[PDB]
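Chains as they are written, first to last, in the deposited numbering: chain cc, 9 to 105; chain a, 1 to 100; chain B, 20 to 233; chain pp, 3 to 89; chain O, 11 to 137; chain AA, 2 to 250. Note that the Cβ used here is the ideal one computed from N, Cα and C, for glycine as well. The structure appears right after this line, and notes come after that.
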Amino acid sequence: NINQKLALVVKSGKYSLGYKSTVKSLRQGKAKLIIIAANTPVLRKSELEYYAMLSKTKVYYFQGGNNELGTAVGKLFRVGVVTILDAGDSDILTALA
Amino acid sequence: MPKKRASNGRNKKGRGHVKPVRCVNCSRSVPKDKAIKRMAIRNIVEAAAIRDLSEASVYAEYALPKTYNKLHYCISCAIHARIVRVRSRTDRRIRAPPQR
Amino acid sequence: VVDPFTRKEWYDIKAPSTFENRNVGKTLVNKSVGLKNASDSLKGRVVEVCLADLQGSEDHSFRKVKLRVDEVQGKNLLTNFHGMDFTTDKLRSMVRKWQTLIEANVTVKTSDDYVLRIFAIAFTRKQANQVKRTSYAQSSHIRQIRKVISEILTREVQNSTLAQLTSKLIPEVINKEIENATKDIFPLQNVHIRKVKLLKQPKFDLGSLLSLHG
Amino acid sequence: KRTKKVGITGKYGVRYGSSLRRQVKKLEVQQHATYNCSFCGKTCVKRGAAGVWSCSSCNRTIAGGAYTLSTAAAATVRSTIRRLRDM
Amino acid sequence: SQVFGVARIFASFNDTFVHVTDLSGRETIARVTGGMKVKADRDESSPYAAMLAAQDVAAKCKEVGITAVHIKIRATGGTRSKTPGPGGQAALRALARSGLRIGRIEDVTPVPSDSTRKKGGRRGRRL
Amino acid sequence: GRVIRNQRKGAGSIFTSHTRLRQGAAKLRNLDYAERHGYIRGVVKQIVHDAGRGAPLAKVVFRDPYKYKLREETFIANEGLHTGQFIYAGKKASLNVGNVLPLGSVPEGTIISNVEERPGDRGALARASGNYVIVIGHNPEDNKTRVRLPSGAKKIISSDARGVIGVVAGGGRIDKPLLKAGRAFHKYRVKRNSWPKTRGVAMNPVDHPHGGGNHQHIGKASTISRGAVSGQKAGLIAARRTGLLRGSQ
RNA sequence: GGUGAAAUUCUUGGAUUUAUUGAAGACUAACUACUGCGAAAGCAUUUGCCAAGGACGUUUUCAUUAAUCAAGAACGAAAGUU
Ligand SMILES: [Mg+2]
Ligand SMILES: [Mg+2]
Ligand SMILES: [Mg+2]
Ligand SMILES: [Mg+2]
Ligand SMILES: [Mg+2]
Ligand SMILES: [Mg+2]
Ligand SMILES: [Mg+2]
Ligand SMILES: [Mg+2]
Ligand SMILES: [Mg+2]
Ligand SMILES: [Mg+2]
Ligand SMILES: [Zn+2]
């Protein structure tokens, strides 16, 4: 499941945490897949989700809020939205999730 | 008082403390193991009908089913009438189903 | 002192229509007096009767069928397959000792607003040759079978607008599809549906009913 | 550890008696503590006048129970409606 | 041709109903029971009363105009016995002997899935 | 004798409530067209403690369907509403905590509050903290639901009666004891003027039936007739039972 | 209704009985065994999630980490208690 796969990214893989860096990297186009939390506000969910469609990027909805996504990406602090720029070792890019 | 039996309550072996079953007659809670779980496969109609029912009936062959009362008895309750039947010390080792 | 046995009416029940007959028998009510009418009273009556009464044969004398009265049209009142049932005596014989039984409950919205719940008895087979007195399926297998039977009854219910779902249910066609898929996991015997319960139903759609009466 | 067991209710000193101190302690813990904010993510503080929480670092405000963000009744009724919405 | 009732014989211990109905269930025909037909209090369950209860149902059936019945049976159920009474089967003879026709017999005794507690308490009825 | 402590109350001079701090008449929207056919989105702008209230209020803002203007209405906040929630009111709105249907649209089992007794009452039943009606039944022939009220007393209501879904906020207030008079003081000081109550018994037989005697005691049944009288009615009025009540309500 | 042999006890201005539901908070039968797991206590309707676990297998790895244990702990039926 997803948590195993984001662990596979965070060890050996390039990934961005949080919004501004996400967006920076949606506009650069480096973002291949962004993992948005739930609790992250619908505005900023819908904003990412817009940018995503211009960048033709996958948006995986991590079922669960932002304290438990930080967990899932081997972080302490809460993270509202992750990007996966490159993580060829992992299978989240291949997976629909 | 030594052991009468090796089993005692029987099913319970390698199995902490199982659930119980209310008996039929006395409504005496007994473990579903100590329970004397006889099967009463009785006909829905008593033998001394049965002709009479089939005479007045519609159709042929008929359902003529059997009710399946899986009884239980609180050992005491069972002894007072039922399959129990107080056996001899040497005969108490036998687990064989009786009759048949 | 009133005695309403004279003050009575005899109307006819109307089966519909994947079975043999389109008539079951003969209930009764009082007349359509002021305030308390006869047509409004009769809608919401469920005639649970055998499935060997309708189809005639004794293969379906292992079943029952609830028949909910929705409309009354010129004495003759109609019904709808509200639910399915076994009589108690039939399933209890099939549950014998020294083998596993399996159930499978499946909630499913049809194409119409009809939230059908459907169950599925399915005993484990005392296999040919056996000397293990038992026939006990390992939990893991029954947790697949219960999944597979659900994967069946999500597919054949939901689809085909509920009225045809009866036409599949009546002659145990769904019941073999269970057996066939499950033999890869574990053999199993008997396999029926036992019950089909019903939760939701829309506004009558008075005239949706009579599509089964002609 | 200051207090073996008066805990917070040690404001009240020797008044009111061990039962009515205990009862309150339970709910003056609950009410003075910090939730976690459903939306923000964050966790500090905040109740402010019975059944009205909060702001952490955000400012919303949320009707809760008197002494806790969610009374158990609310959660079960959330379910009751979760079930009856799905019908 | 055969108009159908549903006899529904509640023969618990210490009592026997015989309750003929329509197939929907709603509109009854009779409700003749044991303690109705014999004023002895004791002799409700007994065959005599069950016979005499069913024949009065048989008479009350033919007047209104029923030919046959579906013999359902109900022993007490659940929190009591679950065991068919003495005048359940003595009712079935009386339904047959009268000439009231018989088709599809059941015992729909509601044997619970996992009953809520019985009488008696843990040690039971200690006579 | 005198007029009693509890005959004057009626007169209403002092025993009038206090409505300085008191925020607004806690009430639903007025009914029709919009919310007797489809629905409308409110918006919860504030959740706000009300002085002298079982459970806080919500200034839920809607839109006038006939003028360019907003109306703000003080609903009784149900545990769940939160500033910037979208409340939806009226027939076609859905079952969610804060929406406001009419009992008709609301399946049996549901849990409702500010239930209008008659429709167009703008709320009556189950408005205090933590309380809620349960819609038990439905009589679509003569459209009228059966509804249980916190008391228990089940009661038939018009199916066009409304009520906000959810249980009310401030739930489990009375858990806490008050301790200290003073907190009881500040409770009532913000409502009305009933608090401290002297016991008839303690007072002089001038001032209250129970009063007087060389021992503080009543001396003639604290139960009182229902067909009694202003000034007779101090003690257990129209009791059925009395004494320590065992078991269910 | 109840009856243990026997009674009392309840409604009829159809209680009960018959059928459709609703609420609530229960349990979670039949299978169910000289069966399973759990340190015990204890645990059987469902799926789901959460971590844990025994056995098993293993030409895996560390290399004495091990057994039992007064102090201290963790759980701990029912009842009782706020
Ligand atoms: Mg001795
Ligand atoms: Mg001895
Ligand atoms: Mg000794
Ligand atoms: Mg063991
Ligand atoms: Mg044990
Ligand atoms: Mg007693
Ligand atoms: Mg097993
Ligand atoms: Mg079971
Ligand atoms: Mg020690
Ligand atoms: Mg206990
Ligand atoms: Zn017994």
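- Residue environment: B/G226 is assigned as exposed (fewer than 16 neighbouring CB atoms within 10 Å of its CB, all protein chains considered).
- Under a 10 Å Cβ-count criterion, O/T43 is classified as buried, with 16 or more other Cβ atoms of the shown protein chains found around its own Cβ.
- In this structure, pp/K48 keeps its C-beta atom at 8 angstroms or more from the C-beta atom of pp/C60.
- Under the three-state reduction of DSSP, pp/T5 is assigned to coil, being neither helix nor strand.
- Cα atoms of AA/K68 and pp/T36: separation of roughly 43 angstroms, rounded to the nearest angstrom.
- The nearest non-hydrogen atom of ligand 1 is 7 angstroms or more from the C-beta of O/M46.
- In the three-state scheme derived from DSSP, where H, G and I count as helix and E and B as strand, O/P57 is classed as helix.
- Within 7 angstroms of the CB of a/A63, the CB atoms of chain O belong to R114 and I115, in sequence order along the chain.
- DSSP places O/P96 in the helix class (H, G or I) of the three-state scheme.
- Proximity of chain pp to cc/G73 at the Cβ level (cut-off 8 angstroms) is accounted for by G43, in chain order.
- At the C-beta level, AA/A56 and AA/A240 stay beyond 8 angstroms of one another.
- Distance check between a/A63 and each of a/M39, a/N25 and a/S54 places a/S54 closest, using alpha-carbon atoms only.
- At least 8 angstroms separates the CB of a/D33 from every CB of chain O.
- Using a cutoff of 7 angstroms, the CB of a/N69 does not count as near ligand 11, since none of the ligand's heavy atoms is closer than that.
- Under the 10 Å beta carbon count, B/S58 is surrounded by fewer than 16 other beta carbons and is classified as exposed.
- Of all residues in the stretch 25-53 of chain a, only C26, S27, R28, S29, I44, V45, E46, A49, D52 and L53 come within less than 7 angstroms of chain O when Cβ atoms are compared, listed by chain position.
- Leaving aside the five residues that flank AA/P108 on each side, the residues in its chain whose CB is nearer than 8 angstroms to its CB run, in chain order, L96 and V136.
- Cβ neighbours of O/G45 within its own chain (closer than 6 angstroms, five residues either side excluded): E54.
- If you check the C-beta of cc/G72 against ligand 4, you find no heavy atom less than 7 angstroms away.
- Put simply, the backbone Cα of cc/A95 is about 40 angstroms away from that of pp/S81.
- Beta-bridge partners assigned by DSSP to AA/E80: AA/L82.
- Taking one beta carbon from each stretch, the stretch 22-31 of chain B and the stretch 65-79 of chain B have fewer than 3 pairs nearer than 8 angstroms; the two do not touch.
- Under the three-state reduction of DSSP, AA/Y89 is assigned to strand.
- Judged by beta-carbon spacing, O/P57 lies beyond the 8 angstroms limit of O/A21, meaning their Cβ atoms are not closer than that value.
- Less than 8 angstroms divides the Cβ of AA/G172 from the Cβ of AA/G131.
- Taken in chain order, the complete alpha helix (DSSP H) segments of 4 or more residues contained in the stretch 104-128 of chain O number zero; there are none.
- Annotated three-state conformation of a/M1 is coil, per DSSP.
- Each residue's CA atom was taken as its position, placing B/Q183 and a/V21 some 44 angstroms apart.
- Counting other Cβ atoms within 10 Å of its Cβ, AA/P210 reaches 16 or more and is therefore classed as buried.
- Annotation: the continuous beta strand (DSSP E) that includes AA/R149 extends over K145 to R149.
- Within 7 angstroms of the CB of a/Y68, the CB atoms of chain B belong to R111 and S112, in sequence order along the chain.
- Cβ contact annotation for B/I197 (same chain, cutoff 7 angstroms, sequence separation greater than five): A139, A141, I168, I171 and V210, in chain order.
- Between the C-alpha atoms of a/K13 and cc/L25 there is a straight-line separation of about 57 angstroms.
- The stretch 105-125 of chain O and the stretch 46-53 of chain a touch, with no fewer than 3 CB-CB distances between them shorter than 8 angstroms.
- Not one heavy atom of ligand 11 lies closer than 7 angstroms to the C-beta of a/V21.
- Contact of B/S80 with chain a by beta-carbon distance below 7 angstroms involves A63.
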